[PDB]
Amino acid sequence: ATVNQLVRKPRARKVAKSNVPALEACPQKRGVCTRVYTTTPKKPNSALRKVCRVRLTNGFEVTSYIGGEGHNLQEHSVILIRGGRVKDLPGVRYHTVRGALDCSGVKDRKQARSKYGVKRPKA
Amino acid sequence: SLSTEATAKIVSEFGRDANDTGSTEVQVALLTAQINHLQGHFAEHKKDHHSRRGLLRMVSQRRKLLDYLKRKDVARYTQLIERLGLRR
Amino acid sequence: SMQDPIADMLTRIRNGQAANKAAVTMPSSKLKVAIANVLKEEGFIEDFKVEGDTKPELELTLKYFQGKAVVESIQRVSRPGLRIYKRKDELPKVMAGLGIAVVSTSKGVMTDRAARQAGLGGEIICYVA
Amino acid sequence: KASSXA
RNA sequence: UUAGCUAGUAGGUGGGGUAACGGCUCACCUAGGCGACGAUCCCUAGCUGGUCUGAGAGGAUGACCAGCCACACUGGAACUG
RNA sequence: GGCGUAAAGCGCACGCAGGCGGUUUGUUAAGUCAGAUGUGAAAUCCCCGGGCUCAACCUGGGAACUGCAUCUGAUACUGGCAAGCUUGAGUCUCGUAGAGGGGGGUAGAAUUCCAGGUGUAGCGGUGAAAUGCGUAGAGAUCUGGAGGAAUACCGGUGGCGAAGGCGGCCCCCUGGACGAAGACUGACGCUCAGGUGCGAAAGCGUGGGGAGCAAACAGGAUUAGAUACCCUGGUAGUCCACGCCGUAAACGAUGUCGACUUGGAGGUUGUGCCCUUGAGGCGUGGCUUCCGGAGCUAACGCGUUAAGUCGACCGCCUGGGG
């Protein structure tokens, strides 16, 4: 409102909160992967979404989504998580990178293989 | 408020001349007189918070009154204070 | 409260021409006249009048044209709550120029367009459109 | 119109 | 959701000291000195030139390059010059 | 950028620091302003060129580095100093209305209770009922006493206060407001973080008080249940004293202060005028409803008692949930 007021208690910015805080605010992280489960999403949709509870490197343990039809993951493994949430499964704020570390890319995927990690099959 | 016969005399003394109910040294003398007088009221009662509030209006105003006098003329400020006995 | 007599002019005037009147009066103040003069000279009001002796009174003869008045708008810039002063080049120009902006200078009041060429500068009283 | 909570 | 902080503390005088002024040191003496324009206390952090973004006012940042600073196993000290 | 309802005006008031401040002259020159001089490394960005084939890169020159200090000027505005003026503010006088407040009396009506007379079996209650209450005689009715509480009618989108909130009549102490011809003072003001004070009901503490009502509690019904609604009771409480508590949809859900901007119809309380020849006839204040122009508004609406057009200071908001 008033200048005098702004002069006194000055206007204060409101910091932002990284939707993904699996620390360092850094590209991706390595994690041991505690369990490999499958769950059900919100009311509108109904699948058997695949997920894994991963013990990151920085100590935070967190649940991550496994994108693509099928995966090699299980018990131990060592995926590397990324970012981007999964608006359908709450709590799932991270996606494990496919075809990274102990994670196998989606078998046979031919479209947009950059994700789901796969290599050009016989050009 | 305060007996007309009372208020008058007051005006004379401090006010340069009769009818000079405008000079600062007057309101103060007047205000004081009233205040001092109101003490005995609230002395008992104490619950008449409403009258108290009006009282406060006087106590306050006088201060700001004394503060004006001082600012533009220290002499009359002191002189007045003493002859009235306060402003500790 | 009385705190600001200048924004009382601009307001009374902006309000007067609002209620399509021809004359608006207010107590007189030296600076007020200075401004009055400005508006006249710049053709924003037919003219001033000051028939005040003991209690200075100021009247302003309002102008008009077609389906509107002369002053499309008038705002107070520098106020007692936040004074604004400007250099020679920092002087503000109203409506790409089509409109004065009263600036007081150490050598008597002026208009943005005036003071500009004048070479100096100073506090800017207001914005008239 | 509205999902996951509304 | 830190409000009070300080005795060499603040000043004086007087010896000593330093390359030099100086509480730097000591002795004596007044009793002060800082603080809500935020001291003190916590947390964080190398500072500037600039860098990124923005129409701009600003917001963010200070890797590479240059100026200033600081440290060189941790803590402390002097010596040489 | 916002806050009547969307998130948002502190429940209200006083006021220290601070912010802001009517008007006229002189002066000051700090703020402010113009010229000058130092300085503001280089590089980078930028403007015009040059060179690697181009470009990136490299480079010449220039502008810029919006800043600071010193000096010589300026004087409107702002600040200080000096001396006034009065439209702000305040003082006195004379009236005016008022559930304003504190304290103390008292009146009448009424409920309940008790004593006593008459007087008979019923009363009370509901949608219907039952519990309850009566033949140690209720209810009813008559006389009188006690006690507490509140005070019909008047009473009115009346009035008073800062708000919370205040209504029988009377005394005592007291606050404020409004008008009018005036007298005086002289800008002594506006605002207010923190501070301080006031602050509905409920509630707490120590006591008193206790009729009616009435959380909890009993019983009676109703219901599938009915730990409610309805009924018969009934404690705390409601009242008082002195503390404490400090909360409400403390709402106009709309901070306070000042100025400006068409009207219409009331209510209310003043006042000046004119055969007052009318119960009134024409004016000029304060408080206060309503309707509604422009304008504002997202709309609803607000609308000279603005959510209009300005200004000073304050407080407050910054997605839902958590």
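All of the numbers you see were taken from the coordinates with simple rules; none came from a lab. All Cβ positions, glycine included, derive from the backbone under ideal geometry; neighbour counts span all protein chains shown.
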### Message
Looking at the calculated P(r) for the protein assembly as shown, what percent of the C-alpha pair distances fall above 29 Å?
### Response
71
#### Entry: chain B: angle of helix B:49-72 to the longest principal axis, Cα-based, in degrees nearest 10
10
### Tilt relative to chain C, helix C:30-41 - C-alpha long axis, 0 to 90 degrees, to 10
90
### Message
Please check: in the Gaussian network model of chain A (C-alpha springs, under 10 Å), which one of A:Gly67, A:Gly91, A:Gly105 has the largest mean-square fluctuation.
### Response
A:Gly91
## Note on the structure
A correct Karplus calculation of ³J(HN,Hα) over segment A:8-19, with 6.51 cos²θ - 1.76 cosθ + 1.60, θ = phi - 60°, whole Hz and x for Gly and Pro, returns 5, 2, x, 4, 10, 5, 10, 2, 9, 10, 3, 3
### Query
If you find the alpha carbon centre of segment A:44-123 and of segment C:35-113, how far apart are they in angstrom?
70
### Three semi-axes of the equivalent ellipsoid, segment C:1-71, Cα gyration tensor, whole Å, largest first
20, 13, 11
### Summary
Measuring from the longest principal axis of the C-alpha atoms of chain C, the long axis of helix C:6-16 (C-alpha) lies at a number of degrees, nearest 10, equal to 50
### Query
Taking springs between alpha-carbon atoms closer than 10 angstrom, which of A:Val54, A:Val92, A:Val15 fluctuates most in the Gaussian network model of chain A?
A:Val15
### Query
Using Cα pairs under 8 angstrom and six or more residues apart, how large is the relative contact order of segment C:12-129, in percent?
23
### Query
Within 10 Å of each Cβ of A:35-48, how many other protein chain Cβ atoms are there on average?
1
### Task
Would you tally the net charge around B:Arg83, using a Cβ to Cβ cut-off of less than 12 Å, leaving B:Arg83 out, and scoring K and R as +1, D and E as -1?
-1
### Query
Between C:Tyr64 and C:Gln3, what is the FRET efficiency for a Förster distance of 35 Å, r being their Cβ-Cβ separation, to the nearest 0.05?
0.65
### Query
Can you flag which of C:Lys32/C:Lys68; A:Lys14/A:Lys87; A:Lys9/C:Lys30; B:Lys64/C:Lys30; C:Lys40/C:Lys68; C:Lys21/C:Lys88 are past 27 Å Cα-Cα?
A:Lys9/C:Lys30; B:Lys64/C:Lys30; C:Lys21/C:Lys88
### Task
Just need the relative contact order of chain B here, percent rounded to a whole number, with Cα pairs under 8 Å and 6+ apart.
22
### Task
Hand me the chymotrypsin sites (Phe, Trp or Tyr not before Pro) from segment A:37-123 located in a DSSP loop with no more than 14 other Cβ atoms within 10 Å, in residue order please.
A:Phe60
### Task
Normalising by the residue count of chain A, find the relative contact order in percent from Cα pairs under 8 Å and 6+ residues apart.
20
### trypsin sites (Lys or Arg not before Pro) within segment A:1-31: DSSP coil, no more than 16 neighbouring Cβ in 10 Å
A:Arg8, A:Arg11, A:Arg13, A:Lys14, A:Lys17
### Task
Hand me the trypsin sites (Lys or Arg not before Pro) from segment A:36-93 located in a DSSP loop with no more than 16 other Cβ atoms within 10 Å, in residue order please.
A:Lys42, A:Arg85, A:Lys87
### Task
Using amide H atoms built 1.01 Å from N in the peptide plane, name the residues 5+ places from C:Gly52, or on other chains, whose amide H lies under 5 Å from its own.
C:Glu57
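Rounded, prolate or oblate for segment A:32-123? Axes are the square roots of the Cα gyration tensor eigenvalues, ordered a ≥ b ≥ c, and the cut-off for rounded is a/c under 1.5.
Oblate is the answer for segment A:32-123, as a/c is 1.5 or above yet b/c matches or exceeds a/b.
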